[PDB]
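Shown here is one chain on its own, the form deposited in one PDB entry, set out as structure tokens.
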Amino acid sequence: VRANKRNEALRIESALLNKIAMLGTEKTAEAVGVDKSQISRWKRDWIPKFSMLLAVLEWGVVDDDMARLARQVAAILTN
């Protein structure tokens, strides 16, 4: 299927949820630091949001953008 934002976020979400479940909700929820209670608000609201962030970040940039960034940075780093 074509690359779709909603769809990639979902894919990421499932992959994160998988890992979490393999390492155990409780074990990870603590290894991270969220009240054993918040796990629900967590799994239902942030994971999706984080997933979307990861999807957007992976969607990334194109050569033109990088080149522009390189020039802009080069300018700030010159005397």
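Only residues modelled in both forms are compared. Each residue number is its position in the shown sequence, starting from 1. We call the rigid core whatever largest set of C-alpha positions still superposes within 1.5 Å between the two forms.
Missing here is the form deposited in another entry; even so, the following discussion is about that form.
Asks: Core-aligned, between this form and the one not shown, one residue among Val56, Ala70, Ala15, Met22 moves its CA by 2 Å or more. Tell me which.
Replies: Comparing the C-alpha positions, the one residue that moves 2 Å or more is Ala70.
Asks: Mind checking the CA-CA distance of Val73 and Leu53 in the other form? It differs by 3 Å or more from this form, so is it closer or farther?
Replies: Farther is correct, given that in the other form the C-alpha spacing of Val73 to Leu53 is increased by at least 3 Å.
Asks: Hey, the CA atoms of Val73 and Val56 end up closer or farther in the other form than in the shown form, with the change being 3 Å or more?
Replies: Result: farther.
Asks: Give me the stretches of at least three consecutive residues whose Cα atoms move by 2 Å or more between this form and the one not shown once the core is superposed.
Replies: Only one moving run appears between this form and the one not shown, namely 59-79.
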